[PDB]
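Reviewing the structure listed below.
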Amino acid sequence: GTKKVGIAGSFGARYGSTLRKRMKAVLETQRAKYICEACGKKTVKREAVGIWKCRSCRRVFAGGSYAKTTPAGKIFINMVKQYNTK
Amino acid sequence: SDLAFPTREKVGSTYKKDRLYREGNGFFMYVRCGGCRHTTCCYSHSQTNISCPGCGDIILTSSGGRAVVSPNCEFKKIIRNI
Amino acid sequence: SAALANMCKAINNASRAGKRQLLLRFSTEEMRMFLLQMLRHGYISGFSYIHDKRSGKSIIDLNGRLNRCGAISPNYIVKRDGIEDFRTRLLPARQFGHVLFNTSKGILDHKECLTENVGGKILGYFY
Amino acid sequence: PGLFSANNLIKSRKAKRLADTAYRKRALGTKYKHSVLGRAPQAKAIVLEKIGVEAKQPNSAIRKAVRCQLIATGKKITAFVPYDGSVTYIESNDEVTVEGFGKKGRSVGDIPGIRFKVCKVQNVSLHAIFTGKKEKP
Amino acid sequence: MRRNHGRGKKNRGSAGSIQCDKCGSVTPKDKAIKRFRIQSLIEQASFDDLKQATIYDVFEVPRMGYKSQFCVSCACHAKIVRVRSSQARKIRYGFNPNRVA
Amino acid sequence: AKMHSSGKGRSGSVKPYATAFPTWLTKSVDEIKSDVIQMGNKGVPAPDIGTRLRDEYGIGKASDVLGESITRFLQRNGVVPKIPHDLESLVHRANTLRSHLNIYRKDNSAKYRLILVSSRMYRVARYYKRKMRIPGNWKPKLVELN
RNA sequence: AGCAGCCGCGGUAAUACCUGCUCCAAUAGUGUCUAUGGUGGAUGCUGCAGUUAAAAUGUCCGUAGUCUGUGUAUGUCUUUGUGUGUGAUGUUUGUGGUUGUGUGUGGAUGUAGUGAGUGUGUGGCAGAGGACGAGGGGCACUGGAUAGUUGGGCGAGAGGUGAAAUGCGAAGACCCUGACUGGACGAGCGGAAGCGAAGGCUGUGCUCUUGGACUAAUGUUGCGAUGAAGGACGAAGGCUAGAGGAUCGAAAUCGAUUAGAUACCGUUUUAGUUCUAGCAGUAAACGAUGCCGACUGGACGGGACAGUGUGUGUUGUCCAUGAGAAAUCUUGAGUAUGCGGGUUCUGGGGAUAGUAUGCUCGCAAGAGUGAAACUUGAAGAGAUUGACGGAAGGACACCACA
Ligand SMILES: [Zn+2]
Ligand SMILES: [Zn+2]
Ligand SMILES: [Zn+2]
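Structure below.
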């Protein structure tokens, strides 16, 4: 494989090394596969920015640009969920 | 005054593993519950809670040391036959 | 032979304090062969050992006559021609003291090993 | 130190020995690398200049020395001319035999920086010219 | 010099720090010099004039307690603590919480 | 003189010298054997069987009634667990730490415990392979860290 | 001018230089330069040192190896030294020569140790019982003080300093009052008290995890000690991304002080100080004090558990014996130069210098490993008596005050 460069190895030696590390971080979470919550199978992928879809059972939900959830979405999804229990 | 013949007061205040001849601290006992006359065999430092079958009760409970026999009960140390 | 060296330090401690008896909480087989060679030479009064299904116990009776005892680790191998160099290193004078070896005839001191034409492994000394 | 442990002891005691400086020059084979005369006990040289050096205080003096050229290796050195009024037998373009001082390669006394000593002057002993046994060259 | 090594700390690594009451420097809490005092709220050379001014028939003047905390430089300079000789350095003074009144 | 700490405690039991056979037994000797062999079928571990014999039957040393130790008696009656109780308690402790670390990552205290608990389990496995009680290629079945 | 291996001598009063006498040691010999054995228990197998003199590694885990658990001695024969140990022998004596006997490394074949796993369960580990702990991660709440915003009152200064200046105040400061917002912190109780491998850890209630001790007729049966190579954790400052911003504050800046202060003291104002995710890998990371095992006097305490007039594990202070160069040490810095319990690491006069160079790791800042040429007679530890302090006390005096 490659020691330090990973999925950013398609860029050769262009653009500078700080900018190729920003590409590598966001590209791993964007092209990964996630487990569905309705059917429980590992078949969720991204369609466009903010649209994630399951290839089996076809269900669509809304998330982040490059990751399925965002750090400020998790914070407020809990508050609504603690407020109902208490 | 030799070390091979210690007084029996000293043999009581010695650690269980420093005694001259191998000897521990536990023993088996008899217990009688209440009005009804049953008799069970128990251990002096039991780790289980026991209960009399007749007049269903709890006649022995465990602690950190010696097991605590109930208020209206009495024990007796078993002796073997010969 | 870790029990032989532990025993010799506890004996040096009591012989210096003026004790009469010594109780140790361990006892092995060759620790009792070393003690039986001090009794027949006059350096202790007697001893006795107990059986408890633990490491054992032993009680030594001191005399007033011992100057020192020791053990040598490791147990070097000495031919019958090298017996006499270990004697000049360990005993203060030429008239008393005993160096003990573990030979193919038992445990003997350095005078017997010369009258039987043998060598062995060194164990200790006392004077 | 068990009875079957002699390879652990040779490995351990050889490494401690290198902390001795005298032993370390011999073991690594670098005892004659930085030395102006190598393995000789004496050496010849031709005299370039004739200088005077101050003593190191608390001594007041001026010790007479010469700057030479080693015929065997072409290195420059300074040497000290011992006795009284003896620096005036030598001239320039004279040949001279020098040897050590006797203290392992350090300077001796109040003479700073000089590690050698003139011994002969054109094949005549310098100590014999001073006592009157031989005649100047 | 001392077997304390200068502070009352045993068998722990770190022990918390405080800021001195006079200069404000950072010090361990076990090394600082600490003093406790109970002062009357009104001065003693003013009690007579206060007994004619009071309107209540029975009055008790209040008292407050204060704990102080200084560093070695600030206590030595202010003479809260003085230099002692080699043997007198070992004398400790206490409080005895079991005193009767 | 503990293995992974500097503890030096001496607590513990001391069995008698030269015991005998119990007279105060209420049941039979053949009715007791068929119960020690029953609890071994329900999966009760052998240190816990000896605690029922002592507390409820009056048997202080089962080598005087069964004729041998507890885990050699169960062997002749065809009850041989797949792994001994010593080794399998240690696999189980190392799985409950591995699944706590999957939710709470910053527990550096439990991450240090997982190292010591688990090197103690590879030492006990190496002993049972020298002695031919488990295969030479046995591997522990472990939750997978993330 | 010269001498002097080293210590040292010589400035018109040289036992030390130059010259003359006299004497000393060895003697056909006696001095110098260079290499090397001893000297050196200053390389330490026998046989050193490591609290402060040079030196125990920041902390645990762990493979090879060593040790523990379950390779020997000796008779007879044989094969090899020119050297040497030790007798005899008047080359006129002698170094010698001649001449008797012993010895050096491996192998073969007997004898002795030598008999073998058993049984038991002493170290460890695993499980039980009731207690104890500021051990750790997460969640939910809470307490006041600093700062600020905004309603009401008052009417000239407030702040801070050795003393002041810059700077803030009649668009109402400071002080007293009703409401709010925000970050950080967790006082007093709080100690020669507890817990954690160490770094470290003090509001309350829940939850998931954790440790050592104690108590016992539970299971197993030696499964262990130390540990180059390898691995994880690791104060504060720093660095990379996001969030946040009360207080304090490097750098910068003015005002003082001063001979001058780019400083101590102060005003304006920042990075940083906090949280999440990581990198880095250092400290007077200190008790400047490897780990495991055996044995050893008193007095007064604390903390946990169990018992009943005591025990086990830990721990603070003070006295002997003993030890030490001393200061001092008391579960050790004790157990004899009377020197050997198992197993590691580090030091070998000072300075050059933790510097060059090579290599491994890091975004960097740097960390780890680590010399020589050249220089030099001391550098250092602990204690003694003096002299001094812009050191502290107690006495005193109209050449001190009242
Ligand atoms: Zn689906
Ligand atoms: Zn009943
Ligand atoms: Zn202060």
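Line by line, the protein sequences give chains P3, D7, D2, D3, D6 and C3.
Quick note: the first sequence uses the entry's author numbering, first residue 4, plus one each step.
Quick note: the second sequence uses the entry's author numbering, first residue 3, plus one each step.
Quick note: the third sequence uses the entry's author numbering, first residue 2, plus one each step.
Quick note: the fourth sequence uses the entry's author numbering, first residue 2, plus one each step.
Quick note: the fifth sequence uses the entry's author numbering, first residue 1, plus one each step.
Quick note: the sixth sequence uses the entry's author numbering, first residue 2, plus one each step.
For each residue, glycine too, the CB sits at the ideal point set by N, CA and C.
Selection from the options that minimises the alpha carbon distance to residue i
{"i": "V118 (chain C3)", "options": "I104 (chain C3), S110 (chain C3), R94 (chain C3), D108 (chain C3)", "result": "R94 (chain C3)"}
{"i": "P73 (chain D7)", "options": "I81 (chain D7), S48 (chain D7), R34 (chain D7), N83 (chain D7)", "result": "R34 (chain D7)"}
{"i": "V70 (chain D7)", "options": "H47 (chain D7), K19 (chain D7), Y23 (chain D7), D59 (chain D7)", "result": "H47 (chain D7)"}
{"i": "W139 (chain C3)", "options": "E57 (chain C3), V81 (chain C3), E89 (chain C3)", "result": "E89 (chain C3)"}
{"i": "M31 (chain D7)", "options": "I84 (chain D7), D20 (chain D7), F77 (chain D7)", "result": "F77 (chain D7)"}
{"i": "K10 (chain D2)", "options": "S49 (chain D2), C70 (chain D2), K80 (chain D2)", "result": "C70 (chain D2)"}
{"i": "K142 (chain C3)", "options": "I116 (chain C3), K34 (chain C3), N96 (chain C3)", "result": "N96 (chain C3)"}
{"i": "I84 (chain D7)", "options": "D56 (chain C3), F22 (chain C3), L146 (chain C3), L67 (chain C3)", "result": "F22 (chain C3)"}
{"i": "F36 (chain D6)", "options": "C74 (chain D6), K79 (chain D6), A88 (chain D6), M64 (chain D6)", "result": "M64 (chain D6)"}
{"i": "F102 (chain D3)", "options": "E92 (chain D3), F117 (chain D3), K137 (chain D3)", "result": "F117 (chain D3)"}
{"i": "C75 (chain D7)", "options": "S15 (chain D7), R68 (chain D7), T41 (chain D7), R82 (chain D7)", "result": "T41 (chain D7)"}
{"i": "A41 (chain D3)", "options": "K12 (chain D3), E100 (chain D3), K34 (chain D3)", "result": "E100 (chain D3)"}
{"i": "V30 (chain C3)", "options": "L75 (chain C3), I135 (chain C3), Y58 (chain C3)", "result": "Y58 (chain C3)"}
{"i": "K137 (chain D3)", "options": "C69 (chain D3), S13 (chain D3), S87 (chain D3), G53 (chain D3)", "result": "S87 (chain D3)"}
{"i": "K36 (chain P3)", "options": "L22 (chain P3), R23 (chain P3), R58 (chain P3), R17 (chain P3)", "result": "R58 (chain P3)"}
{"i": "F102 (chain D2)", "options": "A3 (chain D2), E30 (chain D2), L23 (chain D2), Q38 (chain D2)", "result": "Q38 (chain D2)"}
9 angstroms Cβ cutoff met for residue i and residue j
{"i": "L25 (chain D2)", "j": "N14 (chain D2)", "result": "no"}
{"i": "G19 (chain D2)", "j": "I73 (chain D2)", "result": "no"}
{"i": "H86 (chain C3)", "j": "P46 (chain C3)", "result": "yes"}
{"i": "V82 (chain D3)", "j": "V109 (chain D3)", "result": "no"}
{"i": "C71 (chain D6)", "j": "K9 (chain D6)", "result": "no"}
{"i": "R121 (chain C3)", "j": "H5 (chain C3)", "result": "yes"}
{"i": "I45 (chain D2)", "j": "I61 (chain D2)", "result": "yes"}
{"i": "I12 (chain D2)", "j": "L67 (chain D2)", "result": "yes"}
{"i": "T20 (chain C3)", "j": "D65 (chain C3)", "result": "yes"}
{"i": "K29 (chain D6)", "j": "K67 (chain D6)", "result": "no"}
Heavy atom of ligand 3 within 8 angstroms of residue i beta-carbon
{"i": "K22 (chain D6)", "result": "yes"}
{"i": "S73 (chain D6)", "result": "yes"}
{"i": "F95 (chain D6)", "result": "no"}
Where residue i falls: helix, strand or coil (DSSP)
{"i": "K118 (chain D3)", "result": "strand"}
{"i": "residue 135 (chain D2)", "result": "Any question about residue 135 (chain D2) goes unanswered here, given that chain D2 covers just 2 to 128."}
{"i": "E50 (chain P3)", "result": "strand"}
{"i": "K79 (chain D7)", "result": "strand"}
{"i": "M122 (chain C3)", "result": "helix"}
{"i": "residue 139 (chain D3)", "result": "Outside the displayed span of chain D3 (2 to 138) sits residue 139 (chain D3), for which this structure offers no information."}
{"i": "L41 (chain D6)", "result": "coil"}
Closer than 9 angstroms to chain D2 by CB, residue i
{"i": "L4 (chain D3)", "result": "yes"}
{"i": "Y32 (chain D7)", "result": "no"}
{"i": "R24 (chain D7)", "result": "yes"}
Residue-level contact to chain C3 via CB, residue i, 9 angstroms cutoff
{"i": "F77 (chain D7)", "result": "no"}
{"i": "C54 (chain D7)", "result": "no"}
{"i": "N74 (chain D7)", "result": "no"}
{"i": "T50 (chain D7)", "result": "yes"}
{"i": "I60 (chain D7)", "result": "no"}
Cβ-heavy atom distance, residue i to ligand 1, below 8 angstroms
{"i": "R49 (chain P3)", "result": "no"}
{"i": "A65 (chain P3)", "result": "no"}
{"i": "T5 (chain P3)", "result": "no"}
{"i": "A41 (chain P3)", "result": "yes"}
Residue i at chain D3 interface by Cβ criterion, 9 angstroms
{"i": "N118 (chain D2)", "result": "no"}
{"i": "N103 (chain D2)", "result": "no"}
{"i": "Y77 (chain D2)", "result": "yes"}
Test: residue i CB closer than 9 angstroms to a CB of chain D7
{"i": "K9 (chain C3)", "result": "no"}
{"i": "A111 (chain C3)", "result": "no"}
{"i": "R131 (chain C3)", "result": "no"}
{"i": "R33 (chain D2)", "result": "no"}
{"i": "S29 (chain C3)", "result": "no"}
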